Amino acid sequence: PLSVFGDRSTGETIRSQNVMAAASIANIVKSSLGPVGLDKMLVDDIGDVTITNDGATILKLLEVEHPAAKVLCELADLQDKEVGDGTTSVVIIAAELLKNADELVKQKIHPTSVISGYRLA
Amino acid sequence: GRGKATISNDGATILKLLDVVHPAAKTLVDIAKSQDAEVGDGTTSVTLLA
Amino acid sequence: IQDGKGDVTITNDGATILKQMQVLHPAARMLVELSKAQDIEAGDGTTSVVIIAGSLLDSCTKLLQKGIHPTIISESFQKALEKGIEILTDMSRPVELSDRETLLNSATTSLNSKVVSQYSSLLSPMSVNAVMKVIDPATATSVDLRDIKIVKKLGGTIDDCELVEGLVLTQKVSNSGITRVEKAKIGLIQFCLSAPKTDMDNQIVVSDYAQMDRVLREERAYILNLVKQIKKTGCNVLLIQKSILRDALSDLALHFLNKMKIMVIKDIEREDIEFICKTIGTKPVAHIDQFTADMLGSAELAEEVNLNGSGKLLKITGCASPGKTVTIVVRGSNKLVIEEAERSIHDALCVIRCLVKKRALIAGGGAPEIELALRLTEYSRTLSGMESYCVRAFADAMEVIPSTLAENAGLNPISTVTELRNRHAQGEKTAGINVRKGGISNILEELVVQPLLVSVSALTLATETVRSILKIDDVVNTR
Amino acid sequence: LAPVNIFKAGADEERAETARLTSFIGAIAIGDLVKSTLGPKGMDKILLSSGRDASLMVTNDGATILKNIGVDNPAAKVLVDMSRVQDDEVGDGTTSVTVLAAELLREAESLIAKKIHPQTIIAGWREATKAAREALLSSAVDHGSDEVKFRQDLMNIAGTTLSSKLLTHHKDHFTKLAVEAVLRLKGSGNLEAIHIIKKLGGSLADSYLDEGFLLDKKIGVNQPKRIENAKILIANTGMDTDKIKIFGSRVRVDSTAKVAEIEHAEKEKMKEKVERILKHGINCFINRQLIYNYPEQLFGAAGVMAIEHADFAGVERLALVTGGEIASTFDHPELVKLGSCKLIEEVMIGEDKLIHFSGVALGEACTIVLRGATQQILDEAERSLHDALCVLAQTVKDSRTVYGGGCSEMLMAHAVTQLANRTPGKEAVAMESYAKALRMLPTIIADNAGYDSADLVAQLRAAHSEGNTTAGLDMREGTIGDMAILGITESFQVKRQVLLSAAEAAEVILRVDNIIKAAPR
Amino acid sequence: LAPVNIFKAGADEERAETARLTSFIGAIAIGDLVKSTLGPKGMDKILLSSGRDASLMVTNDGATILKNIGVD
Amino acid sequence: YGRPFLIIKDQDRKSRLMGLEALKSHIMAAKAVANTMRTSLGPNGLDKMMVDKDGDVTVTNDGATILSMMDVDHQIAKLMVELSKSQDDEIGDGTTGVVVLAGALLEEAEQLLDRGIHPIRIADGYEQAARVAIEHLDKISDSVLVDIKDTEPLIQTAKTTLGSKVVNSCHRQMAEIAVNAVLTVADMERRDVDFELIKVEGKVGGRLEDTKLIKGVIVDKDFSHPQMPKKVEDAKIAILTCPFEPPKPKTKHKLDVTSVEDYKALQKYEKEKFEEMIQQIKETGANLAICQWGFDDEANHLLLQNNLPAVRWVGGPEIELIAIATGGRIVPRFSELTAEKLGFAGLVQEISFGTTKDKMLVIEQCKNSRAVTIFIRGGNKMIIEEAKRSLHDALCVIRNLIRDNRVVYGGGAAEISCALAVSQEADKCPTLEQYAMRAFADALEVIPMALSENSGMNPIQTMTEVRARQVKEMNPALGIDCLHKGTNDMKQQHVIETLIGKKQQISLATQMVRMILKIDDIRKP
Amino acid sequence: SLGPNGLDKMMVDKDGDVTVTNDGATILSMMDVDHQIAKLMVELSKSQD
Ligand SMILES: Nc1ncnc2c1ncn2[C@@H]1O[C@H](COP(=O)(O)OP(=O)(O)O)[C@@H](O)[C@H]1O
Ligand SMILES: Nc1ncnc2c1ncn2[C@@H]1O[C@H](COP(=O)(O)OP(=O)(O)O)[C@@H](O)[C@H]1O
Ligand SMILES: Nc1ncnc2c1ncn2[C@@H]1O[C@H](COP(=O)(O)OP(=O)(O)O)[C@@H](O)[C@H]1O
Ligand SMILES: [Mg+2]
Ligand SMILES: [Mg+2]
Ligand SMILES: [Mg+2]
Ligand SMILES: [Mg+2]
Ligand SMILES: [Mg+2]
């Protein structure tokens, strides 16, 4: 039934996929946060070395087909355009908040109360 | 793969009919078979606790 | 929702979801048109009408299996719809436009089911003021939603949204040096300021250097004369429309206008002239012999502003002749949240317009649904057999909305429906489901209401769609 | 066949039995597919597409279905062409004539299977059709001297036409609306002057008929919206750069001042033309072409409403309603005949703005606003209203009504039987088949209603044979009632055209016994 | 038909109209194939084959023709 | 970077579903199956036609045979087929009624599941309603008597059960034949029968009214010699197992002939043993010997000269049937053939059919035999199979009646009474469990509605009229008039059904509903 | 197709047009055959018409 001509999920599978994608995006740039972190490297198809570790450039030159990944990338881009510093810490904090809220959602708790508590905090 | 339905509420039969190929996921099947051969009762409680 | 081109859209309205779903079945291809018509007519309740239609079509399965003719079913459904409309009209509550608390409650009721549930206290009074500024409490019979322009800009959060009672432009200016003028006179210009070119095939034949110099001399003299004629009126802010044929502004004219301390904004389309003329109060000028006379105008402060780093924006606050138009500046971080806030504002404006056009209020929640269900159950005992069964089947389909509301809140739906049916048959008739307390109490104490015209139109459209489905029962493939 | 091939590779050739069998099978299939939507209690059809961006529509008449399906059988193509011709002529009798043709072909199949010459069958069918048309011409009611009786007959015809579609629930208002819209034409055949505007949203009860006129256009800027009293004048000129000519003129000068003077002279000429336009003392200018900025501001500076972008149909409607005259040149103000109106404003129907026109003098045309839920319902309502207007214009031009429902078919069958009961030979078989088809034509409707079709048919035949030539069929209860008391009355021209088209199609298809198909490309 | 698949791939099922129509068509075809050899002045038919040993038989009985045709 | 890990084998081919959609799909499939197997219910129902894998045509209306050859692949359909097969093997009557009731119960429970009720509570309520209906059905039960003289209730029940098949034009005689076979093979001292004793054989050609009961044993063989006498009036049956060949041990034996004397002695001993066994066959007094394997030439000639017919190739159950009917004993050799181990034969004469070369020998006029044969004659191939299925169903019905020694009033009154009792008991259950009892009572009335639909009248109106007539008076014997006789009382219309069969059907349907409501997962490739 | 009792012929075009006529000339012309004798007969009928 329900001819949609495509693919769909259920309820918790999409949330788990989004949480995993956010965790992967956070772990991608989790080695160049503090002052003791090292730099990365980005190579294309023709052979162009790109040594950088600002976070925003790495997220822009990543090309990921995930909605949460694109949301995090555009958020980091907006943070870099409005300020310029602290482009990875905000993404890490957002990923940690999503991971913490996933455990509350899995505990039979309505997301509205969690959102209200997060806003109050 | 032959077209036969296997309906069983016990977790041991479900884990045996799943045919898992992961090297780390085979630890649950081993302890499930051990619990089924020992007393044969709580086969899913041990997996949930682990 | 993710389309084939790769655009990810997040929305909560049922009409947008149904439109983006792109179904292929005619029974499903009619529901999207029904939702579109409901959103065009009323605006709210686009999901309740679909739920009611689905419940009715599911309850019709029992009548079809029992062996009832579709005409009798359609007649009974029309009679039940008429009875429900009469009951809703008799149970309507009168309300005027002087009560500001009722309008605020009606605006904040439609801003709790989406992402703007925590920012409704800032979007409801702004929308109420924008509605009160456009329409008049004199004898206005409808609300013109085309006189309100929605400006979307990326940056900041949602609490930074304000309300500008003037003209807001998204583009920048074409002049450098002067970007803030206290006292300025805005003047609309619809003619170009370049080389004189007639409509026919014109050409200049030059056979000597004297003519070569005289052509440029006459061009410069004409440009200077036009600039002096523009400066003679005493204008400061010039607005030139877009020209696809000849150039609307050259380099010498721009340099002369910059030397004359005149701001030039050459970025006006051919579709926003009436809006600007109604907002800032001006008149279009197409000839140089009319810009000197009454065709001018006056304004107050007209200076541009700068954002955090995403482009410029114009702001014209203060006019000599205030009109009945206003604009809203919606902000936000992600574009999805921006479009969500825009849709929420549009839904609130539609709800306010429907409430103003109907001037009738009713309790929200699931009280009218259970009331109509009880009234239909108490009415089937005065008919025959088939009519009674049809009325009972029509009344049983109205218990889906309260059951869904009780299930989405986290409580038992059957027990909640039973309690609501037992409480609605002993005195009180305005009891609904409270998501804050977790039981059954008076829904009129939570400051939650809903208009009657929206629900009436939704019920009528659902009944019409149900009656139109039973008349079709054949699918033939064509070319 | 012969071993020596004559045709090319891929060209078939059906003989006498194969081609006739294929044509009969196609006719039976078409009849079985079209018999579902015949009676007043019929259903709807879904016509979806796969190459035209999936076009979804809901229709009830068989002509649209036959035009949208498009098969490859020539026997069905002939019926499709006949239905299209009948729809272009009158547009009310397609399912009936195609069912009659299918029944005639089904009877001819069994007649040929009984070893009967086709010429005798054709002669018998021609004699039966002649007798039926003679009986129909003899049994006719001529109403034209009385006004109340004519209005009652028109209302009954409109109700009987609208009850066969989805308008049976609102027939109490749509019939009156169609009657009021027909009388506005003052007895003219200007069916295209009635504009039908369909808007999404609202129920069927909100479809009100405006006594004036409505236009979905926009006026100029800096112009008064509402006017207490105005005089509309229709023009036919080009206000956007009036220089469209075949003259190959060019400006060959040597100074920019000359070009500036030429532009100033052109602007002065345009201003003089605009002033000569307003020399008639008008204040509501309407042009069929486009209006630029200079004429718009010139009309706005004088307080004259200027409306641009008008099609030929809207111009004709405004000239027929307001009584104006399409004028140009603007040089003889004494001969122009301006309009007259005392109410001009703009209304808000749904989410759009339309100019409201009222207080006109003549008012031959009128606009009809349709409100519905989905687009298919609105399209079906518009089609039913158009068919009702067409049949009303037809029965007004004919000025003669004949009781329908099932009395005319029974009378024709009785006449054919009486004619066959006097002549011998093998010609009585074709007349018997024609009478059987005429008696089975209402049997399909009786079966679709949900009652005993055989008993009702026998009762109607007994009533028609005993001397009662006014009985019919009752759809409100399923019995036998009087047609002159209930109000079931159709038309004579429509029935005659249906019978003649059915007879012609039967004579054409029966005279075919060979099919030679060419090579497909 | 229900959207949920029940039967296996390669199995059709006729309801009431199509089944009765096909049965009546087959019965009419069977009755008309042998109707030519019923009266005393009837003719004979030719029952040739290709899968066997090119057997050619000419008979007038209906049962033999119906058994040699091999209907489906 | 979240790299996907391989868990289940061949994960890129299999598909996993949640649970609610699977339950909805199972309910829809059950509803479709119940709607498909709905027209074959009642005397006005038509028959079905199935096509085999090769190209065989089978027309029947038993229900279980139609589902067994349906070839499905949706598990739930296979489960319904297995349930119908188990019901046919246990009871035998009513194979589609149980699946129709199960589909109706699932359709009724779908509404409660969509409302917001746990499936465990629904299953518990359905089980409680089924138990209440079972306890109430035995209250309006009537006990009948079983004897060798009065055979009216059994004949009436066999006529009522066989009133929906195509053999209803002759079921009047088929019921008598079935009750006679039951009275012959009754075994009242142990309250059980044996289906292996009743031989059901059929043959094409003839008429349907030629079916008669034969109190003997019929075979599909002829005589060893065409010149042997066909009919006999007084003969004795001599059942034998060893062939008419010289004795030969099964071990490895080797005969050595080294002179003419040994060959002459062997040639003499052959004919000596032949004459000895021929005289031993004759000295026993029997007139018709029955062997098992083939014969020879000299033995056949000696049998023809001594006037003694014989039947060859009877190694199947024919020997056992003859020994049971005639009462004669079986001897392994010829030396043990005594006069006391012989069976008495009354009339042994073969019968000839049409122009074919098929001859069948039938024995009649026997003593108190415990095995009878049923001869089925017809003009079609599927007609014989339909008649055999109807006879088997009637035999199973009579066996169940003898085992239960009591009957009830079915047709369209027992289900109505059960639904009324369930609805009355549900009024005193205010512990939320009242919604399942109402659903069970509403789904239990699907039989009268289907009967009225197959007849051609208003289903709901007739059901309401029957319910009103049952609640106004005091007689639970008001069903649906399917034959259009006038009176709606089933007590005078001779409509007799079964009680244990209906109880088992209800219990099996409730168990299947509870089992289906528990499954909520699927993992198919 | 010869005499007063002769029936008409239904011709099918290449694009899909149906043309029912009784004149033998147009029937033979609209038959796009391939034999030389048939073409000669068609040409003879055309010349006669
Ligand atoms: N705070 C509230 N208290 C009671 N009922 C509410 C509240 N908010 C929403 N509802 C109910 O929920 C239903 C759905 O509202 P919503 O989803 O916001 O828009 P729509 O009516 O278009 O679906 C409404 O009919 C309303 O009666
Ligand atoms: N109220 C009515 N009572 C009886 N017959 C009616 C009524 N309305 C329409 N009909 C029948 O319906 C037929 C026309 O139906 P319709 O499908 O609309 O047009 P068509 O003639 O093309 O089939 C007429 O022959 C008429 O006899
Ligand atoms: N003569 C009759 N009177 C009343 N009911 C009958 C009669 N014959 C059959 N029925 C009903 O029709 C139903 C179907 O019976 P039948 O088709 O014979 O076998 P099955 O139960 O296997 O379908 C039975 O439940 C029975 O109650
Ligand atoms: Mg930093
Ligand atoms: Mg356990
Ligand atoms: Mg809402
Ligand atoms: Mg018509
Ligand atoms: Mg049975």
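- For this coordinate set, the PDB header names cryo-EM as the determination method and states a resolution of 3.7 Å.

- The PDB entry annotates chain F as T-complex protein 1 subunit epsilon of Homo sapiens.
- This structure appears in the PDB under the title "Apo TRiC in closed conformation".
- Under the heading Sequence similarities, UniProt records this for chain F: "Belongs to the TCP-1 chaperonin family."

- Chain D goes by T-complex protein 1 subunit beta in the PDB entry, where it is assigned to Homo sapiens.
- In its Sequence similarities section, UniProt records this for chain D: "Belongs to the TCP-1 chaperonin family."

**Thoughts on the UniProt feature "binding site: ADP" in chain F**
All names here are of chain F.
Next up, step 1: Following the UniProt record, one finds the feature "binding site: ADP" at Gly 42, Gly 94, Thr 95, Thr 96, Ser 164, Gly 411, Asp 481, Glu 497 and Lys 502.
Next up, step 2: As for its position among the elements, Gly 411 is in the loop between β14 (406–407) and α12 (414–426).
Next up, step 3: Once you skip the residues sitting within four places of it in the chain, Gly 411 turns out to touch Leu 451, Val 495 and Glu 497.
Next up, step 4: By the element assignment, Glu 497 lies in the loop between α15 (459–472) and α16 (500–518).
Next up, step 5: Those residues in contact with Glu 497 that sit more than four places away from it in its chain are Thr 157, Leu 401, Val 407, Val 408, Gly 410, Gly 411 and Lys 502.
Next up, step 6: Of note is the side chain of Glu 497, whose polar atom sits 2.5 Å from the backbone nitrogen of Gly 411.

**A look at the nonpolar core**
Residues and elements named next belong to chain F.
Next up, step 1: The biggest cluster of nonpolar side chains holds 72 residues, and the ones touching the most others in it are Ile 237, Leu 240, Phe 244, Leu 303, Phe 334 and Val 348.
Next up, step 2: For this core, the element with the highest residue contribution is helix α11 (residues 381–404), accounting for eight residues.
Next up, step 3: Summarising the domain contributions, this core has at least three residues from each of domain 2 (144–215 + 371–405) and domain 3 (216–365).
Next up, step 4: If we skip the residues at most four places from it in the chain, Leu 240 touches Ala 289, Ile 290, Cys 291, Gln 292, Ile 319, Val 331, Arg 333, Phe 334 and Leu 337.
Next up, step 5: In this structure, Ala 30, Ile 76, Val 446 and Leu 508 belong to the second largest nonpolar core, which totals 53 residues.

**Description of the site of ligand 2**
Residue and element names in this part refer to chain D.
Next up, step 1: In the region of ligand 2, 16 residues are neighbours, and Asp 92, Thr 94, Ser 96, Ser 164 and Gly 405 sit closest.
Next up, step 2: The contact in question runs from an oxygen atom of ligand 2 to an N or O atom on the backbone of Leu 38, over 3.4 Å.
Next up, step 3: Contact between ligand 2 and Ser 96: an oxygen atom at 2.6 Å from a side-chain N or O atom of the residue.
Next up, step 4: Isolated, ligand 2 exposes 560 Å² of accessible area, and the fraction of that covered by the protein chains is 88%.
Next up, step 5: Split into classes, the residues belonging to the shell around ligand 2 amount to four nonpolar, eight polar and four charged.

**Structural notes on the UniProt feature "binding site: ADP" in chain D**
Residue and element names in this part refer to chain D.
Next up, step 1: UniProt feature "binding site: ADP": in the numbering of this structure it lies at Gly 39, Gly 93, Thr 94, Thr 95, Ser 96, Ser 163, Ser 164, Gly 405, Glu 490 and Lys 495.
Next up, step 2: Along the chain, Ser 163 turns up in the loop between α6 (148–162) and α7 (171–183).
Next up, step 3: Assessed through its relative accessible area of 17%, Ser 163 is described here as buried.
Next up, step 4: Residue position: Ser 164 is located in the loop between α6 and α7.
Next up, step 5: Given the relative accessible area of 21%, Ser 164 is considered partly exposed.
Next up, step 6: Dropping the residues within four chain positions of it, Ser 164 is found in contact with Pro 40 and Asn 60.
Next up, step 7: At a separation of 2.8 Å, a polar atom in the side chain of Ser 164 contacts the main-chain carbonyl oxygen of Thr 161.

**Here we look at the arrangement of the chains**
Next up, step 1: Between all seven pairs of chains that are in contact, chains C and D come out with the most contacts.
Next up, step 2: These two, chain D and chain F, are apart from each other, with no contact and a minimum C-alpha gap of 14 Å.
Next up, step 3: Regarding chain B and chain G, the two do not touch, and the least distance separating their C-alpha atoms is 51 Å.

Calculation notes
- Residues numbered from 1 in each chain as written, not as in the entry; some residues may be left out.
- Chains lettered and ligands numbered in written order.
- Part of a larger assembly, values for the part shown.
- Heavy atoms only, no water.
- UniProt positions renumbered as here; feature names shortened; annotations may be inferred.
- Helix = DSSP H or I, 4+ residues; strand = E, 2+ residues; numbered from the N terminus.
- Contact = heavy atoms within 4.5 Å.
- Polar contact = N/O pair within 3.5 Å; in protein donor to acceptor, adjacent residues only side chain to side chain.
- Core = buried A, V, L, I, M, F, W, Y, C linked by side-chain atoms within 4.5 Å.
- Buried < 20%, exposed > 50% of the residue type's maximum accessible area, 1.4 Å probe, protein only.
- Domains from an automatic or database assignment.
- Near = heavy atom within 4 Å.
- Areas by Shrake-Rupley, 256 points an atom, 1.4 Å probe, with all protein chains shown as cover.
- Nonpolar A, V, L, I, M, F, W, Y, C, P; charged D, E, K, R; others polar.

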